[PDB]
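Cβ placement follows ideal geometry from the backbone for every residue including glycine, while neighbour counts extend to all protein chains displayed. Read the figures in this text as sums done on the coordinates, not as results from a lab.
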Number of protein chains: 2
Amino acid sequence: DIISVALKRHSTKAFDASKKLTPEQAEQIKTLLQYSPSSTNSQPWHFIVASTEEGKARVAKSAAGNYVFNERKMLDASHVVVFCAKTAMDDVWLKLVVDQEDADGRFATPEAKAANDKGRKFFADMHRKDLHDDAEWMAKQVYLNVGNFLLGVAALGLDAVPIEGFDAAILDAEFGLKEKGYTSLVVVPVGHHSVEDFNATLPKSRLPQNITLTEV
Amino acid sequence: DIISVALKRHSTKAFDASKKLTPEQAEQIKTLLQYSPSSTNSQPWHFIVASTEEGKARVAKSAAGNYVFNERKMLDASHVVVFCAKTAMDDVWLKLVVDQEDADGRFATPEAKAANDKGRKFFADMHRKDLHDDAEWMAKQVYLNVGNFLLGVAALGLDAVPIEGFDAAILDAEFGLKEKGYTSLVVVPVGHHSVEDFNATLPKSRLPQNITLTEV
Ligand SMILES: Cc1cc2nc3c(=O)[nH]c(=O)nc-3n(C[C@H](O)[C@H](O)[C@H](O)COP(=O)(O)O)c2cc1C
Ligand SMILES: Cc1cc2nc3c(=O)[nH]c(=O)nc-3n(C[C@H](O)[C@H](O)[C@H](O)COP(=O)(O)O)c2cc1C
């Protein structure tokens with residue numbers, strides 16, 4: 001039951017470095033990242049999946065500064081996912097997306113494909129041209145991917161923690177992201193908690209629905 | 001299996017108005033909204049859940065004008081969730097959150113509670129004082145809730161569609177949201193698809209991992 005998964009998952013504070021994802025789970029987490037929904041199927045994202053000691057150490061340099069409490073989590077987890085957003089929405093990317101929708105068989109006609117593209121360009125143009133907020137818009141889609149991911153990995157039986165406490169400038173510099181048209185937003189270590197994970201045995205806490213929720 | 005759910009879920013384009021959530025499912029979707037993670041457990045959100053004909057019609061007013069293709073989804077679904085973000089992060093809210101964490105039993109000591117609050121205020125202040133991006137930050141947390149929600153409701157056996165194609169100004173005006181300190185971001189109708197849902201039988205399309213995903 002998915003509600004059980006939602007009530008029992010927790011942000012892991014310490015990982016067991018000896019406990020790896022199975023090779024199958026390593027495929028499955030990639031499936032989760034790929035198949036997340038996004039506004040217009042824009043998919044304005046890149047993922048770095050660090051599973052080696054060298055890879056994880058490159059990521060963990062971003063947990064300099066006031067972010068040392070997060071450094072261990074990045075080193076000790078099995079797999080570490082960096083969620084990145086595109087920095088700008090370009091026409092090359094929009095063509096890639098609609099051509100993929102076509103290859104996958106989503107259009108009965110050429111007309112239907114043209115209309116999909118006109119629809120997507122119109123909607124994207126609203127963000128880059130009029131509102132000038134396309135970076136924020138694309139970032140939101142990435143956070144949506146994260147949310148999907150966290151419940152997904154919980155449902156697979158894996159521990160994880162979302163991390164905003166890192167220096168994106170360091171991480172971007174380390175993987176040359178700016179030059180490739182991306183910026184890091186969230187880091188998610190995935191694995192199995194250790195005995196040092198104090199949050200594993202703490203009760204979960206949320207505001208009551210009588211504050212956060214209205215029915216009409 | 002959650003990977004099946006991820007591969008088979010789809011944005012519903014048409015709902016069957018005669019098919020309601022069971023009383024139990026109506027509680028479960030609320031549990032999903034409530035128990036989503038958020039940066040610092042800040043929970044900077046409000047949900048409107050419209051299940052009556054009057055309520056759903058009020059929401060659907062936001063889809064008149066240029067967004068008519070989305071209007072019928074909001075009218076015909078069983079339950080329609082409006083995801084709202086806070087417009088500003090205030091100290092009253094931060095106190096509410098940490099006091100709830102305390103009531104739920106997450107602190108062994110007064111010291112531990114003080115440290116949690118200092119930690120959260122420090123991190124929040126970084127967004128409101130420096131950066132001046134706390135609206136964007138809070139909105140991202142809400143999108144993360146959406147991502148969690150969409151996989152959740154799919155895993156419960158329910159159909160849904162995320163909607164950004166609505167007029168937030170109209171929706172905010174209709175529920176007096178600005179005055180209460182919120183803004184609408186995403187509308188999610190939940191229910192069961194009708195035979196008019198052309199997207200139910202279309203193959204899913206994603207960009208290949210050799211573009212979106214790097215391993216290290
Ligand atoms: C976007 C985001 C950023 C977070 N950043 C961190 C972080 O840097 N360090 C950390 O220990 N936890 C981090 N958390 C975990 C949250 O504090 C956590 O989800 C919240 O306290 C509720 O805990 P739960 O995940 O156990 O339900 C983050 C959560 C989210 C959603
Ligand atoms: C944030 C967001 C906004 C969306 N807005 C709309 C919308 O206004 N109308 C609509 O029909 N679908 C909307 N969609 C659905 C997307 O087109 C869809 O997720 C994408 O094509 C992938 O297909 P799938 O959701 O069936 O996996 C939205 C999706 C998301 C995540």
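Scan segment A:45-54 and tell me whether some residue there is within 16 Å of ligand 1 (Cβ to nearest atom), in contact (Cβ under 8 Å) with a residue 12 or more places away in the chain and closer than 30 Å to B:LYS30 by Cα. Checked against the condition, which is being within 16 Å of ligand 1 (Cβ to nearest atom), in contact (Cβ under 8 Å) with a residue 12 or more places away in the chain and closer than 30 Å to B:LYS30 by Cα, segment A:45-54 yields at least one hit.
Within segment B:55-80, residues that are more than 10 Å from every other protein chain (Cβ to nearest Cβ) and within 15 Å of B:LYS20 (Cα to Cα) reach partners that are among the charged types (D, E, K, R) and surrounded by fewer than 19 Cβ atoms within 10 Å (Cβ to Cβ) with beta carbons closer than 7 Å, at six or more positions or on different chains, in the pairs B:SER78/B:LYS19; B:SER78/B:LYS20. Scanning segment A:126-139 turns up at least one residue that is surrounded by fewer than 24 Cβ atoms within 10 Å (Cβ to Cβ) and within 16 Å of ligand 1 (Cβ to nearest atom).
Quick one: is B:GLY105 away from ligand 2 (no atom under 16 Å from the Cβ) and under 20 Å from A:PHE166 (Cβ atoms)? Criteria not met by B:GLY105. Just one of (1) touching a helix residue (DSSP H, G or I) at 6+ places or on another chain (Cβ under 8 Å); (2) surrounded by fewer than 20 Cβ atoms within 10 Å (Cβ to Cβ); (3) under 21 Å from B:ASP167 (Cβ atoms) trips up B:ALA14, so point out which. Failing condition for B:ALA14: (3). Scan segment A:1-45 for residues that are in contact with a strand residue (DSSP E or B) (Cβ under 7 Å, 6 or more places away or on another chain), closer than 16 Å to A:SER78 by Cα and part of a strand (DSSP E or B) and the total you get is 1.
The one condition from (1) more than 9 Å from chain A (Cβ to nearest Cβ); (2) under 18 Å from B:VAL190 (Cβ atoms) that B:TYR35 does not meet is (1). Look at segment A:200-216: where a residue is among the acidic types (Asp, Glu) and a partner is surrounded by fewer than 16 Cβ atoms within 10 Å (Cβ to Cβ), sitting 6+ places away or on another chain with Cβ atoms under 9 Å, you get A:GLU215/B:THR52. Entry remark, segment B:15-36: residues being touching a residue at least 60 places away in the same chain (Cβ under 8 Å) and among the hydroxyl-bearing types (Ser, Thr, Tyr) number 1 in total. Please tell me if A:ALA85 is of a type outside the set (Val, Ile, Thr) and within 16 Å of ligand 2 (Cβ to nearest atom). It is true that A:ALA85 is of a type outside the set (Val, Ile, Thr) and within 16 Å of ligand 2 (Cβ to nearest atom). In the condition set (1) closer than 28 Å to A:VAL187 by Cα; (2) in contact (Cβ under 8 Å) with a residue 12 or more places away in the chain, A:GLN100 is compliant with all but (2). Taking segment B:183-214 as the range and being hydrophobic (A, V, I, L, M, F, W, C) and either within 10 Å of chain A (Cβ to nearest Cβ) or surrounded by fewer than 19 Cβ atoms within 10 Å (Cβ to Cβ) (or both) as the test, the residues that pass are B:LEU185, B:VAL186, B:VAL195, B:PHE198, B:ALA200, B:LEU202, B:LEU207, B:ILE211, B:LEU213. The combined condition, being at the interface with another protein chain (Cβ under 9 Å from one of its Cβ atoms), more than 13 Å from ligand 2 (Cβ to nearest atom) and under 25 Å from B:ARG58 (Cα atoms), is not fulfilled by B:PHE123.
None of B:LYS140, B:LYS180 is at the interface with chain A (Cβ under 8 Å from one of its Cβ atoms) and basic (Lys, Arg) except B:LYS140. Annotation for segment A:81-102: no member residue is more than 10 Å from chain B (Cβ to nearest Cβ), within 29 Å of B:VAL153 (Cβ to Cβ) and of a type in the set (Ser, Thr, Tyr). Checked against the criteria, A:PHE175 counts as touching a strand residue (DSSP E or B) at 6+ places or on another chain (Cβ under 9 Å) and on the phi < 0 side of the Ramachandran plot.
Just to be sure, is A:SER38 within 16 Å of ligand 2 (Cβ to nearest atom), more than 25 Å from A:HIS193 (Cα to Cα) and under 12 Å from the mean Cα position of the chain (by Cα)? Yes: the conditions hold for A:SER38. State the number of residues belonging to segment A:1-33 that are more than 19 Å from B:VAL5 (Cβ to Cβ), over 19 Å from the mean Cα position of the chain (by Cα) and within 14 Å of ligand 1 (Cβ to nearest atom). Qualifying residue count, segment A:1-33: 2.
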